[PDB]
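Colleague: Sharing a structure with you now.
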Amino acid sequence: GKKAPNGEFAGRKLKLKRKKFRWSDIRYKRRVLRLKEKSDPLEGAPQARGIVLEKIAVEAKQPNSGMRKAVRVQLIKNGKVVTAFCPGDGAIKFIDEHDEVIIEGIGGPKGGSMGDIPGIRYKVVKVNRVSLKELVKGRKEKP
Amino acid sequence: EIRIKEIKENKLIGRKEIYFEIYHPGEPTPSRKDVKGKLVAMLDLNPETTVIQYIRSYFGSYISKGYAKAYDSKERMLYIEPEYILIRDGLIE
Amino acid sequence: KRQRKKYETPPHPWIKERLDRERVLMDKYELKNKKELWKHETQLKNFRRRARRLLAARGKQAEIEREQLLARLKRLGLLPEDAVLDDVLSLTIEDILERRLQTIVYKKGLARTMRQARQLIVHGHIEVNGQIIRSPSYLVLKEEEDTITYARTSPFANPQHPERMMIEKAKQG
Amino acid sequence: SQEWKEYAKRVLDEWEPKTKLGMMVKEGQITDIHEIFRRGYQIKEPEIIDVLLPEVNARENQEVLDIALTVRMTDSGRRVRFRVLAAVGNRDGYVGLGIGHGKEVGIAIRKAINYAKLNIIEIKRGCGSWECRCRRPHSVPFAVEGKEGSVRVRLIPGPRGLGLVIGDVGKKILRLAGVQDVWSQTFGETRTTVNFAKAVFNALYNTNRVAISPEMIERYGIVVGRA
Amino acid sequence: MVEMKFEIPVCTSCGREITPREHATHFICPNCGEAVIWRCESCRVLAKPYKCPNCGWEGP
Amino acid sequence: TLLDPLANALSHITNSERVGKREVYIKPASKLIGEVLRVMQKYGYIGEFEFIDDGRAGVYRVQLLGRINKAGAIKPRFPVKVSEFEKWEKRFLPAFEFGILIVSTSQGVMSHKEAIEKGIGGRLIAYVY
RNA sequence: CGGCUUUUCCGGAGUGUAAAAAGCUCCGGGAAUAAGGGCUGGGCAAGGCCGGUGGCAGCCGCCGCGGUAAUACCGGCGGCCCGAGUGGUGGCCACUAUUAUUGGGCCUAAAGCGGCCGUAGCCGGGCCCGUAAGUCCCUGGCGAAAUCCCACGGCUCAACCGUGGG
């Protein structure tokens with residue numbers, strides 16, 4: 001039938017209906033209940049600092065076959081442990097065990113898996129407060 | 001050359017206050033002593049009674065605004081006006 | 001309250017048509033940044049928005065603001081003296097750009113090249129009403145259009161400055 | 001301009017009238033083009049329209065909106081075939097839209113342009129916006145709607161020099177219609193370029209459907225076709 | 001720019017002006033043979049009876 | 001059931017116009033329906049009209065000239081002051097002054113342009129173009 | 001090639017300081033003396049040659065590139081956008097009529113209760129009489145300032161400030 005109610009003296013049911021069906025969607029529900037920031041390892045932090053533990057390479061999802069390098073880092077703010085992809089040509093050679101590092105989100109869709117590497121969520125920026133990009137380019141030197 | 005626009009009189013304090021303009025096209029901004037010795041000429045003022053407040057030369061202009069002030073007696077600036085302006089004009093060490 | 005930009009970025013910085021029209025207007029006017037052209041279009045858009053609102057307004061205040069709009073746009077020398085609210089909507093960016101100081105002083109034959117005019121502007125060899133300026137993006141008003149002359153203290157005031165005769169012969173030739 | 005008059009003359013020489021629309025245009029008994037649409041005959045020779053609208057011959061007045069490489073699967077190979085959509089039109093309120101199958105790009109283009117030539121429709125123009133009201137055909141006279149496939153397009157009058165506010169396909173087709181300022185609202189999927197173009201075409205055709213009171217013509221400077 | 005305002009034909013049976021590419025028809029009156037009766041596609045398909053203005057004759 | 005004669009009558013009128021029928025009857029005849037119908041008749045979209053008693057509620061007969069494109073009823077009786085007419089017109093009229101709106105102010109129901117003239121607001125009722 | 005002013009830089013003169021400082025403003029010597037970031041297969045369109053790696057290394061928002069010639073990785077060239085800013089990340093509005101009163105749908109794509117009954121609620125036939133609570137117009141008080149729109153004036157112009165009007 002006609003989308004109802006519409007009576008001049010019926011705004012209550014209108015706003016009730018609207019608010020109820022708002023709950024159907026997901027993003028607004030995620031904002032209000034604060035689900036992301038009560039599941040966030042980084043607590044809404046644009047970057048985090050941590051210590052390196054080990055280096056592992058992962059098999060690119062098919063049909064892409066590749067050994068994407070990455071690291072295991074336990075961060076200092078709370079002590080949780082995560083995986084971080086290492087972009088750069090021969091990047092992994094610079095990174096060593098027991099390294100102070102700086103990590104941020106990878107930029108996949110909804111911050112999720114980025115393309116053909118599933119599971120990873122993050123990339124490294126600075127190691128020992130030294131940006132990795134120039135280290136890849138060799139302009140700067142790791143301490 | 002120096003061209004005046006305002007001479008007005010606060011008789012409650014006994015000051016003739018003066019707004020004027022200095023036309024100095026192509027030469028550096030004048031100093032206080034020389035403009036003082038100029039102004040004192042065609043207004044018939046005692047230099048000891050006269051204190052120049054400010055001179056301001058606007059950006060990219062050859063005509064600079066200037067405000068000066070002349071009382072009646074020596075006690076008037078010692079009681080009303082503050083020491084530093086006498087210091088700048090040299091009436092006080 | 002934070003001071004806001006007075007210019008707006010295009011919705012898509014890699015559309016060919018707008019990019020090349022901008023490029024054309026840049027080589028026809030040699031403005032340092034697209035920022036400046038965007039700003040001028042912003043002024044245009046604000047004038048047009050005011051016009052549209054006023055056309056969509058009824059009230060003594062509406063009429064008064066309409067009069068003010070017409071009076072100002074004429075004062076800037078953008079429209080004929082019998083201009084109405086209708087014709088402003090047909091205004092173009094080139095109308096505004098013509099009113100620029102760089103464009104006006106170049107059309108006054110005081111520079112072989114409008115970039116040479118810009119250099120004179122920044123070097124303050126040019127004066128308006130006996131006051132120096134250094135802003136090539138200035139949209140001069142109508143009633144000062146005859147007062148743009150060489151700075152009296154600049155060497156270019158002397159008719160024997162080595163550039164001046166080249167300016168004059170380029171003007172003639 | 002004289003180039004197009006001589007073009008009309010030479011095509012008059014070359015083309016031979018075939019249908020019952022051919023003689024009165026060859027004979028000159030029909031010169032105004034709108035005499036075709038008002039009485040609403042059938043147009044079947046392209047050579048008719050360019051006799052009275054040689055402006056169609058212009059490279060700019062013809063546009064290829066879309067090129068597509070459709071496929072047909074067979075036991076013995078995927079037989080490809082190009083489908084190309086092109087819009088032709090004079091810049092003063094007469095446009096046509098055409099589709100061409102083809103085995104090469106050129107033949108598809110030619111057939112599409114010919115079919116567009118066979119699809120000339122007559123529009124109205126004016127100034128019904130809420131601010132401009134300049135009684136000039138700088139925009140559509142009044143809000144109009146057009147529907148085809150999923151796409152529903154509502155075109156709303158705008159003010160002078162606003163630019164033409166529509167997706168690129170609508171941009172080109174409206175540019176070819178002599179209309180340069182309009183607001184647009186789109187429903188349905190606009191990635192189907194063909195459906196979008198045809199819906200815009202249908203809206204423009206719908207423009208003539210609205211009954212108009214006599215005073216409104218001068219209220220908006222309603223122009224029937226050319227200016 | 002002489003204003004070439006034209007006289008868009010109007011269907012007698014509905015009074016609606018005829019759109020360009022409609023398949024409407026026109027014809028002298030069948031009874032008094034003077035009136036140029038028009039008939040619009042909508043008026044054609046359902047075929048409501050049309051009235052000649054002059055002789056009063058009615059026709060499907 | 002029947003909850004407003006006016007909207008049903010206007011819808012019936014528009015539908016008959018789509019098929020181009022010539023004579024139309026509205027069964028639930030009231031004073032208000034007659035007055036509004038007179039109101040747009042003043043502006044020519046409809047020709048002669050009449051009331052015929054039936055001993056129950058009367059019937060309203062109209063002949064149509066087929067110059068209306070849509071005549072709808074604004075059910076939720078929005079009250080509006082003088083100033084905001086352009087806000088509502090954009091919501092219902094295709095173009096500037098294209099047709100009318102029907103407003104019941106303190107003096108009665110009449111056109112919206114005339115309402116602007118007298119400068120008296122009221123309750124939007126229907127629209128037709 | 002020949003020449004032209006000297007952005008900045010050195011000196012001096014004023015505002016300046018209640019104390020300088022503030023390098024602001026005027027004059028003089030006076031250099032052609034400061035420029036990057038990202039992208040380069042397509043959505044974006046915005047732009048092609050070569051050396052190398054050969055699905056190893058890597059790139060990549062998404063679609064996707066290299067498993068032996070890669071226009072898509074790396075290096076060079078050349079090019080495209082902006083410009084003293086450009087790039088990455090994270091949060092918010094638009095995009096999205098993917099929250100729908102304007103304005104979303106529910107046979108087949110997720111979406112009608114298995115059916116009927118009915119309370120509160122929502123929406124209700126026509127006409128006459130009276131009220132005027134809602135409804136509309138006029139009018140008093142009141143909704144501070146700061147912020148916002150417009151004209152003019154002061155600061156070279158602007159930003160900023162003032163006067164006036166909204």
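Following the order of the structure tokens, chains are lettered A, B, ..., residues in each are numbered from 1, and ligands are numbered from 1.
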Taking the chain letters and numbering used in this document, name the residues of chain A that DSSP puts in strand (DSSP E or B), as a JSON list (two decimals) with N, CA and C atoms, in the first residue's frame.

Modeller:
[["chain", "number", "residue", "atom", "x", "y", "z"],
["A", 48, "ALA", "N", 50.91, 3.32, 15.18],
["A", 48, "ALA", "CA", 51.28, 2.69, 16.44],
["A", 48, "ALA", "C", 52.75, 2.29, 16.38],
["A", 49, "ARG", "N", 53.32, 2.03, 17.56],
["A", 49, "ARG", "CA", 54.73, 1.70, 17.70],
["A", 49, "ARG", "C", 54.85, 0.32, 18.31],
["A", 50, "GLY", "N", 55.79, -0.47, 17.80],
["A", 50, "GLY", "CA", 55.95, -1.83, 18.27],
["A", 50, "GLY", "C", 57.33, -2.39, 18.09],
["A", 51, "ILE", "N", 57.50, -3.67, 18.44],
["A", 51, "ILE", "CA", 58.79, -4.34, 18.42],
["A", 51, "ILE", "C", 58.67, -5.57, 17.52],
["A", 52, "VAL", "N", 59.68, -5.79, 16.68],
["A", 52, "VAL", "CA", 59.65, -6.88, 15.71],
["A", 52, "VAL", "C", 60.04, -8.18, 16.38],
["A", 53, "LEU", "N", 59.42, -9.27, 15.94],
["A", 53, "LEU", "CA", 59.65, -10.60, 16.48],
["A", 53, "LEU", "C", 60.14, -11.60, 15.44],
["A", 54, "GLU", "N", 59.53, -11.62, 14.25],
["A", 54, "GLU", "CA", 59.94, -12.59, 13.23],
["A", 54, "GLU", "C", 59.43, -12.15, 11.86],
["A", 55, "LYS", "N", 60.04, -12.73, 10.83],
["A", 55, "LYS", "CA", 59.76, -12.42, 9.43],
["A", 55, "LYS", "C", 59.15, -13.64, 8.75],
["A", 56, "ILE", "N", 58.00, -13.45, 8.10],
["A", 56, "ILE", "CA", 57.33, -14.53, 7.39],
["A", 56, "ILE", "C", 56.82, -13.99, 6.06],
["A", 57, "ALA", "N", 56.85, -14.84, 5.04],
["A", 57, "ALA", "CA", 56.31, -14.52, 3.73],
["A", 57, "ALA", "C", 55.05, -15.35, 3.50],
["A", 58, "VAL", "N", 54.09, -14.76, 2.80],
["A", 58, "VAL", "CA", 52.77, -15.36, 2.62],
["A", 58, "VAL", "C", 52.52, -15.58, 1.13],
["A", 59, "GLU", "N", 51.69, -16.58, 0.84],
["A", 59, "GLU", "CA", 51.37, -16.94, -0.53],
["A", 59, "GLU", "C", 50.22, -16.08, -1.03],
["A", 67, "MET", "N", 55.42, -14.59, -3.03],
["A", 67, "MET", "CA", 55.85, -14.67, -1.64],
["A", 67, "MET", "C", 55.95, -13.24, -1.11],
["A", 68, "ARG", "N", 54.84, -12.74, -0.58],
["A", 68, "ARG", "CA", 54.80, -11.38, -0.06],
["A", 68, "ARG", "C", 55.40, -11.37, 1.34],
["A", 69, "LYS", "N", 56.46, -10.60, 1.52],
["A", 69, "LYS", "CA", 57.14, -10.56, 2.81],
["A", 69, "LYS", "C", 56.32, -9.76, 3.81],
["A", 70, "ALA", "N", 56.47, -10.09, 5.09],
["A", 70, "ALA", "CA", 55.78, -9.37, 6.16],
["A", 70, "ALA", "C", 56.42, -9.78, 7.48],
["A", 71, "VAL", "N", 55.99, -9.12, 8.55],
["A", 71, "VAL", "CA", 56.61, -9.28, 9.86],
["A", 71, "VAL", "C", 55.53, -9.43, 10.93],
["A", 72, "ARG", "N", 55.95, -9.97, 12.08],
["A", 72, "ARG", "CA", 55.12, -10.09, 13.27],
["A", 72, "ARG", "C", 55.61, -9.07, 14.29],
["A", 73, "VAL", "N", 54.71, -8.20, 14.75],
["A", 73, "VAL", "CA", 55.07, -7.10, 15.64],
["A", 73, "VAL", "C", 54.11, -7.09, 16.82],
["A", 74, "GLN", "N", 54.66, -7.04, 18.03],
["A", 74, "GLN", "CA", 53.87, -6.76, 19.22],
["A", 74, "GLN", "C", 54.02, -5.29, 19.55],
["A", 75, "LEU", "N", 52.90, -4.60, 19.66],
["A", 75, "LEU", "CA", 52.93, -3.16, 19.86],
["A", 75, "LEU", "C", 52.99, -2.79, 21.33],
["A", 81, "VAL", "N", 49.67, -8.48, 19.38],
["A", 81, "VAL", "CA", 50.59, -8.88, 18.32],
["A", 81, "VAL", "C", 49.83, -8.94, 17.01],
["A", 82, "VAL", "N", 50.47, -8.47, 15.94],
["A", 82, "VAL", "CA", 49.83, -8.31, 14.65],
["A", 82, "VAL", "C", 50.83, -8.62, 13.55],
["A", 83, "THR", "N", 50.32, -8.66, 12.32],
["A", 83, "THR", "CA", 51.12, -8.86, 11.13],
["A", 83, "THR", "C", 51.17, -7.55, 10.36],
["A", 84, "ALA", "N", 52.31, -7.26, 9.74],
["A", 84, "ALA", "CA", 52.48, -6.04, 8.97],
["A", 84, "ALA", "C", 53.23, -6.36, 7.69],
["A", 85, "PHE", "N", 52.62, -6.03, 6.56],
["A", 85, "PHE", "CA", 53.29, -6.15, 5.28],
["A", 85, "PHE", "C", 54.41, -5.13, 5.19],
["A", 100, "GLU", "N", 62.36, -1.62, 16.71],
["A", 100, "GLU", "CA", 61.29, -0.68, 16.96],
["A", 100, "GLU", "C", 60.76, -0.19, 15.63],
["A", 101, "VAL", "N", 59.45, -0.25, 15.45],
["A", 101, "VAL", "CA", 58.83, 0.06, 14.18],
["A", 101, "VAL", "C", 57.55, 0.83, 14.40],
["A", 102, "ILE", "N", 57.09, 1.46, 13.32],
["A", 102, "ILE", "CA", 55.89, 2.28, 13.30],
["A", 102, "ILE", "C", 54.99, 1.76, 12.19],
["A", 103, "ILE", "N", 53.71, 1.58, 12.51],
["A", 103, "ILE", "CA", 52.79, 0.80, 11.68],
["A", 103, "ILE", "C", 51.48, 1.56, 11.54],
["A", 104, "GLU", "N", 50.87, 1.46, 10.35],
["A", 104, "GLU", "CA", 49.57, 2.07, 10.12],
["A", 104, "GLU", "C", 48.78, 1.19, 9.17],
["A", 105, "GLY", "N", 47.56, 1.63, 8.88],
["A", 105, "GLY", "CA", 46.66, 0.83, 8.08],
["A", 105, "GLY", "C", 47.08, 0.77, 6.63],
["A", 114, "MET", "N", 44.04, -5.97, 1.29],
["A", 114, "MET", "CA", 44.38, -5.09, 0.18],
["A", 114, "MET", "C", 44.70, -5.95, -1.03],
["A", 117, "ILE", "N", 46.63, -9.96, -1.32],
["A", 117, "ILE", "CA", 47.27, -10.44, -0.10],
["A", 117, "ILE", "C", 46.19, -10.50, 0.99],
["A", 122, "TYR", "N", 48.06, -4.02, 7.64],
["A", 122, "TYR", "CA", 48.92, -2.91, 8.00],
["A", 122, "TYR", "C", 50.22, -2.93, 7.21],
["A", 123, "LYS", "N", 50.85, -1.76, 7.15],
["A", 123, "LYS", "CA", 52.18, -1.59, 6.59],
["A", 123, "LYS", "C", 53.03, -0.78, 7.56],
["A", 124, "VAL", "N", 54.32, -0.93, 7.40],
["A", 124, "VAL", "CA", 55.31, -0.23, 8.21],
["A", 124, "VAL", "C", 55.73, 1.04, 7.50],
["A", 125, "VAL", "N", 56.00, 2.08, 8.28],
["A", 125, "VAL", "CA", 56.42, 3.38, 7.76],
["A", 125, "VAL", "C", 57.83, 3.72, 8.22],
["A", 126, "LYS", "N", 58.04, 3.85, 9.53],
["A", 126, "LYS", "CA", 59.34, 4.16, 10.12],
["A", 126, "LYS", "C", 59.82, 2.99, 10.95],
["A", 127, "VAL", "N", 61.11, 2.66, 10.81],
["A", 127, "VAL", "CA", 61.78, 1.68, 11.65],
["A", 127, "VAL", "C", 62.86, 2.42, 12.42],
["A", 130, "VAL", "N", 62.93, 5.88, 11.54],
["A", 130, "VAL", "CA", 63.52, 6.18, 10.24],
["A", 130, "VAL", "C", 62.60, 5.63, 9.17],
["A", 131, "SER", "N", 62.14, 6.51, 8.28],
["A", 131, "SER", "CA", 61.18, 6.14, 7.25],
["A", 131, "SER", "C", 61.73, 5.03, 6.37]]

Colleague: Residues within 12 Å of stretch 33-47 of chain C, please, as a PyMOL selection string. Count only C-alpha atoms (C1' of nucleotides); anything in the same chain fewer than 6 positions from it doesn't count.

Modeller: (chain C and resi 5-10+13+18-27+53-54+65-66+68-70+72-73+78+85+87-100+135-139) or (chain D and resi 161-162) or (chain G and resi 81-84+149-150)

Colleague: Run DSSP on the backbone and grab whatever in chain A lands in helix (DSSP H, G or I); send it over as a count of residues only.

Modeller: 36

Colleague: So that I can see what lies close to stretch 54-56 of chain F, please list as a ChimeraX atom specification the residues with an atom at most 12 Å from it, counting only C-alpha atoms (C1' of nucleotides) and leaving out residues fewer than 6 positions away in the same chain.

Modeller: /F:26-30 /G:125-127

Colleague: What is the distance between atom CA of residue E:9 and atom CA of residue D:218, in Å to one decimal?

Modeller: 18.9 Å

Colleague: Write out as a list in words every residue belonging to chain F that has an atom at most 6 Å from any atom of chain G, counting only C-alpha atoms (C1' of nucleotides).

Modeller: residues 3, 57, 121 and 122 of chain F

Colleague: Would you pick out the contacts of residue B:8 at 9 Å or less, using only C-alpha atoms (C1' of nucleotides), so that residues sharing its chain but fewer than 3 positions from it are not included, and give the list as a PDB file with N, CA and C atoms, in the first residue's frame?

Modeller:
ATOM      1  N   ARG B  15      46.396  71.695  25.372  1.00  0.00           N
ATOM      2  CA  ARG B  15      47.245  71.178  24.310  1.00  0.00           C
ATOM      3  C   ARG B  15      46.642  71.545  22.965  1.00  0.00           C
ATOM      4  N   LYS B  16      47.494  71.987  22.052  1.00  0.00           N
ATOM      5  CA  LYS B  16      47.158  72.057  20.636  1.00  0.00           C
ATOM      6  C   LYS B  16      47.773  70.824  19.988  1.00  0.00           C
ATOM      7  N   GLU B  17      46.915  69.957  19.474  1.00  0.00           N
ATOM      8  CA  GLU B  17      47.317  68.719  18.833  1.00  0.00           C
ATOM      9  C   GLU B  17      47.169  68.886  17.330  1.00  0.00           C
ATOM     10  N   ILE B  18      48.084  68.260  16.591  1.00  0.00           N
ATOM     11  CA  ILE B  18      48.296  68.610  15.196  1.00  0.00           C
ATOM     12  C   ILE B  18      48.544  67.348  14.386  1.00  0.00           C
ATOM     13  N   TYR B  19      47.712  67.135  13.365  1.00  0.00           N
ATOM     14  CA  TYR B  19      47.903  66.080  12.376  1.00  0.00           C
ATOM     15  C   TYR B  19      48.294  66.728  11.057  1.00  0.00           C
TER      16      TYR B  19
END

Colleague: Any idea which chain G residues end up within 9 Å of chain B if we count only C-alpha atoms (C1' of nucleotides), as a list in words please?

Modeller: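 Those within range of chain B come out as residues 12, 13, 14, 15, 18, 25, 26, 27, 28 and 156 of chain G.
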
Colleague: Select, as a PyMOL selection string, those residues of chain C with any atom no more than 6 Å from chain D (distances computed using only C-alpha atoms).

Modeller: chain C and resi 52+55-56+89

Colleague: The selected residues should be written to file as a CSV table (one decimal), in the first residue's frame (atoms: C-alpha atoms).

Modeller:
chain,number,residue,atom,x,y,z
C,52,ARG,CA,20.1,34.6,-8.6
C,55,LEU,CA,16.0,37.5,-8.7
C,56,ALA,CA,14.5,34.9,-6.4
C,89,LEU,CA,24.3,36.1,-15.8

Colleague: Contacts of residue B:86 at 10 Å or less, counting only C-alpha atoms (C1' of nucleotides), minus same-chain residues fewer than 2 places along, as a compact mmCIF listing (two decimals) with N, CA and C atoms, in the first residue's frame?

Modeller:
# COMPACT_ATOMS: atom_id res chain seq x y z
N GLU B 48 60.51 73.66 23.52
CA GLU B 48 60.49 73.01 24.83
C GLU B 48 59.08 72.60 25.24
N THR B 50 56.86 71.46 23.00
CA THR B 50 56.35 70.63 21.91
C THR B 50 56.91 69.23 22.01
N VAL B 51 56.05 68.23 21.80
CA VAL B 51 56.45 66.83 21.72
C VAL B 51 55.72 66.20 20.54
N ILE B 52 56.48 65.52 19.68
CA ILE B 52 55.89 64.81 18.55
C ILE B 52 55.51 63.41 18.99
N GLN B 53 54.26 63.04 18.74
CA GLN B 53 53.80 61.71 19.13
C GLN B 53 54.33 60.65 18.17
N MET B 77 53.58 68.40 30.49
CA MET B 77 54.05 67.05 30.17
C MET B 77 54.67 66.35 31.37
N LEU B 78 55.24 67.07 32.32
CA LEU B 78 55.76 66.41 33.50
C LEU B 78 54.66 65.79 34.35
N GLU B 81 51.87 64.00 30.31
CA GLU B 81 52.53 63.13 29.35
C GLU B 81 53.57 62.26 30.06
N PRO B 82 53.90 61.11 29.51
CA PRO B 82 54.79 60.19 30.22
C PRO B 82 56.24 60.39 29.81
N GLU B 83 57.13 59.97 30.71
CA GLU B 83 58.55 60.28 30.58
C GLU B 83 59.12 59.84 29.23
N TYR B 84 58.73 58.68 28.73
CA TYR B 84 59.46 58.09 27.61
C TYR B 84 59.36 58.96 26.37
N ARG B 88 62.39 60.23 24.08
CA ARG B 88 62.62 60.04 22.65
C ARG B 88 62.90 61.37 21.98
N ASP B 89 62.11 62.39 22.30
CA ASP B 89 62.33 63.74 21.79
C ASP B 89 63.46 64.46 22.50
N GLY B 90 64.01 63.88 23.57
CA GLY B 90 65.20 64.40 24.20
C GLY B 90 64.97 65.41 25.31
N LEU B 91 63.72 65.71 25.65
CA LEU B 91 63.46 66.64 26.74
C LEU B 91 63.87 66.06 28.09
N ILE B 92 64.04 64.75 28.18
CA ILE B 92 64.48 64.08 29.39
C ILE B 92 65.65 63.18 29.02
N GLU B 93 66.66 63.14 29.88
CA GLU B 93 67.80 62.25 29.67
C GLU B 93 67.31 60.80 29.73

Colleague: Within 9 Å of residue G:41, counting only C-alpha atoms (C1' of nucleotides), which residues qualify if same-chain residues fewer than 2 places away don't, as a ChimeraX atom specification?

Modeller: /G:64-65,71-72

Colleague: Each residue of chain F lying at most 7 Å from chain D should get a row with its shortest atom-to-atom pair and the distance in Å to one decimal, counting only C-alpha atoms; could you produce that, ordered by chain and increasing number, as a tab-separated table?

Modeller:
residue	atom	partner	partner_atom	distance
F:67	CA	D:211	CA	5.9
F:69	CA	D:210	CA	6.9
F:94	CA	D:143	CA	5.0
F:95	CA	D:142	CA	5.1
F:96	CA	D:130	CA	5.8

Colleague: What does the file look like for those residues with C-alpha atoms, as an mmCIF file, in the first residue's frame?

Modeller:
data_model
loop_
_atom_site.group_PDB
_atom_site.id
_atom_site.type_symbol
_atom_site.label_atom_id
_atom_site.label_comp_id
_atom_site.auth_asym_id
_atom_site.auth_seq_id
_atom_site.Cartn_x
_atom_site.Cartn_y
_atom_site.Cartn_z
ATOM 1 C CA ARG F 67 -5.438 21.033 -21.419
ATOM 2 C CA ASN F 69 -1.397 17.545 -17.567
ATOM 3 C CA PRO F 94 7.115 22.002 -13.027
ATOM 4 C CA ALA F 95 8.165 25.573 -13.814
ATOM 5 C CA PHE F 96 7.806 29.193 -12.764
#

Colleague: What residues in chain G have any atom no more than 12 Å from chain D when counting only C-alpha atoms (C1' of nucleotides), and can you write them as a PDB file with N, CA and C atoms (P, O5', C5', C4', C3', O3' and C1' of nucleotides), in the first residue's frame?

Modeller:
ATOM      1  P     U G  96      25.184   8.457  -6.363  1.00  0.00           P
ATOM      2  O5'   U G  96      24.199   8.531  -5.121  1.00  0.00           O
ATOM      3  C5'   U G  96      23.100   7.639  -5.041  1.00  0.00           C
ATOM      4  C4'   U G  96      22.602   7.500  -3.632  1.00  0.00           C
ATOM      5  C3'   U G  96      22.544   8.791  -2.832  1.00  0.00           C
ATOM      6  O3'   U G  96      21.405   8.760  -1.994  1.00  0.00           O
ATOM      7  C1'   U G  96      23.913   7.226  -1.717  1.00  0.00           C
ATOM      8  P     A G  97      20.593  10.102  -1.682  1.00  0.00           P
ATOM      9  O5'   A G  97      19.086   9.604  -1.624  1.00  0.00           O
ATOM     10  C5'   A G  97      18.761   8.382  -0.981  1.00  0.00           C
ATOM     11  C4'   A G  97      17.993   7.471  -1.895  1.00  0.00           C
ATOM     12  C3'   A G  97      18.664   7.155  -3.219  1.00  0.00           C
ATOM     13  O3'   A G  97      18.261   5.853  -3.643  1.00  0.00           O
ATOM     14  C1'   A G  97      16.644   8.286  -3.625  1.00  0.00           C
ATOM     15  P     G G 103       9.334  13.115  -4.271  1.00  0.00           P
ATOM     16  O5'   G G 103       9.288  11.737  -3.484  1.00  0.00           O
ATOM     17  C5'   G G 103       9.541  10.513  -4.156  1.00  0.00           C
ATOM     18  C4'   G G 103      10.228   9.528  -3.252  1.00  0.00           C
ATOM     19  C3'   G G 103       9.620   9.441  -1.859  1.00  0.00           C
ATOM     20  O3'   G G 103       9.779   8.136  -1.323  1.00  0.00           O
ATOM     21  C1'   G G 103      11.846  10.174  -1.692  1.00  0.00           C
ATOM     22  P     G G 104       9.026   6.892  -1.981  1.00  0.00           P
ATOM     23  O5'   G G 104      10.210   6.101  -2.685  1.00  0.00           O
ATOM     24  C5'   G G 104      11.558   6.382  -2.336  1.00  0.00           C
ATOM     25  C4'   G G 104      12.468   5.227  -2.650  1.00  0.00           C
ATOM     26  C3'   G G 104      11.781   3.895  -2.890  1.00  0.00           C
ATOM     27  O3'   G G 104      11.262   3.767  -4.208  1.00  0.00           O
ATOM     28  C1'   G G 104      13.494   3.589  -1.325  1.00  0.00           C
TER      29        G G 104
END

Colleague: May I have the residues within 6 Å of stretch 37-40 of chain D as a ChimeraX atom specification, using only C-alpha atoms (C1' of nucleotides) and disregarding those fewer than 2 positions away in the same chain?

Modeller: /D:34-35 /E:20-21

Colleague: What are the residues of chain F lining chain C at 12 Å or less? Count only C-alpha atoms, and put the answer as a PyMOL selection string.

Modeller: chain F and resi 82-87+96+116
